[PDB]
Amino acid sequence: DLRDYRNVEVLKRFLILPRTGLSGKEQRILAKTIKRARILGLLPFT
Amino acid sequence: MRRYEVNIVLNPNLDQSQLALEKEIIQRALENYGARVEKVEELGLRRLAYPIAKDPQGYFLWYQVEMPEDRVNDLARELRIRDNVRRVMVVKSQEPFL
Amino acid sequence: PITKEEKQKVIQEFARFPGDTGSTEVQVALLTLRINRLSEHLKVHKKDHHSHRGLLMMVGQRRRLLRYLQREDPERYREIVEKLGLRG
RNA sequence: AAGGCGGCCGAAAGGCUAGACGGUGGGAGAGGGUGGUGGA
RNA sequence: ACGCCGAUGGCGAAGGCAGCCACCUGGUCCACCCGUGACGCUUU
């Protein structure tokens with residue numbers, strides 16, 4: 001689920017890597033998840 | 001009425017009783033602002049990725065509720081008050097993608 | 001926003017018969033609902049020029065619908081202008 | 001607020017649906033506005 | 001800065017619009033073929 005912003009496990013993987021076999025539509029969606037996780041402090045900005 | 005996801009990071013160093021209180025607070029809130037809770041999740045402590053409130057670890061809450069979109073902002077304000085609540089993020093629920 | 005329920009509430013009031021959902025009458029009533037809630041929206045948010053432009057265009061279309069009815073059916077323009085407490 | 005152009009049938013009046021708008025069901029979007037909070 | 005994502009990408013009538021969240025709100029697209037029945041476009 002490219003939307004679940006708590007799966008550090010999986011999300012971890014894409015750290016934001018440029019099109020990550022992700023597609024134009026998958027990406028971005030990703031990115032917002034990733035950007036939500038970050039605020040939660042789940043993922044890192046830098 | 002709408003489906004949102006609550007998300008809450010609470011100070012990790014509380015005690016059974018402090019913790020229970022915050023949670024008791026959160027629920028009147030949830031209730032007061034007309035939110036009917038569909039389900040709660042408590043992943044608790046988690047390593048984090050950058051320091052939040054100095055602590056490099058937080059206690060994670062969640063809740064999926066049902067409430068009047070017009071009160072979501074009021075609710076969040078509510079929940080933020082508490083000195084142990086150092087992160088509150090509400091979000092419109094959405095089906096999982098893929 | 002404006003919901004499907006409150007919307008049909010407006011449709012049944014102006015429908016020309018049961019199952020009528022797009023007759024000038026309904027069309028006008030419905031836009032009035034839209035205009036109405038938009039003006040209220042704009043009553044605050046005095047800085048939303050963009051959407052204010054949308055109001056302007058909504059108000060314009062309504063006029064054109066009316067002018068049309070009044071033109072092609074003085075009979076119907078009658079009640080409608082009235083029941084909507086529109087015009088002056 | 002004054003002026004042109006405007007599909008099919010009809011001399012016209014008027015009619016017709018393919019234009020327009022509406023109904024219902026989905027879609028994408030750094031479109032505008034308000035209130036927030038997070039990093040650099 | 002508002003990085004990375006950001007693009008021969010997207011939106012807007014123009015200027016222009018880029019962290020994330022919620023709310024209010026404008027425009028738009030595809031389907032059906034259900035309604036009205038040319039009600040449309042536009043120039044100063």
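Numbers at a glance
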| read-out | value |
| --- | --- |
| Residue match in segment B:41-52 (condition: within 16 Å of RNA strand E (Cβ to nearest atom), part of a loop (DSSP other than H, G, I, E, B) and among the hydroxyl-bearing types (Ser, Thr, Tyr)) | yes |
| Counted residues, segment A:4-29 - those being closer than 25 Å to B:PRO56 by Cα and either in contact with a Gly (Cβ under 8 Å, 6 or more places away or on another chain) or at the interface with chain B (Cβ under 10 Å from one of its Cβ atoms) (or both) | 6 |
| Odd one out for A:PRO44, checked against (1) in contact with a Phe, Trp or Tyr (Cβ under 7 Å, 6 or more places away or on another chain); (2) within 15 Å of B:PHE97 (Cβ to Cβ) | (2) |
| From C:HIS45, C:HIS50, C:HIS41, residue being within 9 Å of RNA strand D (Cβ to nearest atom), within 14 Å of chain B (Cβ to nearest Cβ) and either of a type outside the set (A, V, I, L, M, F, W, C) or in a helix (DSSP H, G or I) (or both) | C:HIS41 |
| Residue match in segment B:51-68 (condition: farther than 22 Å from A:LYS12 by Cβ, under 12 Å from the mean Cα position of the chain (by Cα) and among the acidic types (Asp, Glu)) | no |
| Filtered residues of segment A:1-28 (kept if near RNA strand E (Cβ under 9 Å from one of its atoms) and not in a loop (DSSP other than H, G, I, E, B)) | A:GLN27, A:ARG28 |
| Filtered residues of segment B:63-98 (kept if hydrophobic (A, V, I, L, M, F, W, C), within 14 Å of another protein chain (Cβ to nearest Cβ) and surrounded by 12 or more Cβ atoms within 10 Å (Cβ to Cβ)) | B:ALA76, B:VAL85, B:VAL88, B:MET89, B:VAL90, B:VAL91, B:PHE97 |
| Qualifying residue in segment C:2-12 (condition: farther than 25 Å from B:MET1 by Cα, more than 7 Å from RNA strand D (Cβ to nearest atom), outside any helix (DSSP H, G or I) and of a type outside the set (A, V, I, L, M, F, W, C)) | no |
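Listed here are the residues, each with its yes/no results for (1) within 10 Å of RNA strand E (Cβ to nearest atom); (2) surrounded by 14 or more Cβ atoms within 10 Å (Cβ to Cβ); (3) more than 14 Å from every other protein chain (Cβ to nearest Cβ).
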site	(1), (2), (3)
C:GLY19	yes, no, yes
C:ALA29	no, yes, yes
C:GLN70	no, yes, yes
C:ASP73	yes, no, yes
C:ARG78	no, no, yes
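Please note: Cβ atoms are built from the backbone with ideal geometry, for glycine as well, and neighbour counts cover all protein chains shown. Any read-out appearing in this document is the output of simple, stated calculations on the displayed coordinates, not a laboratory observation.
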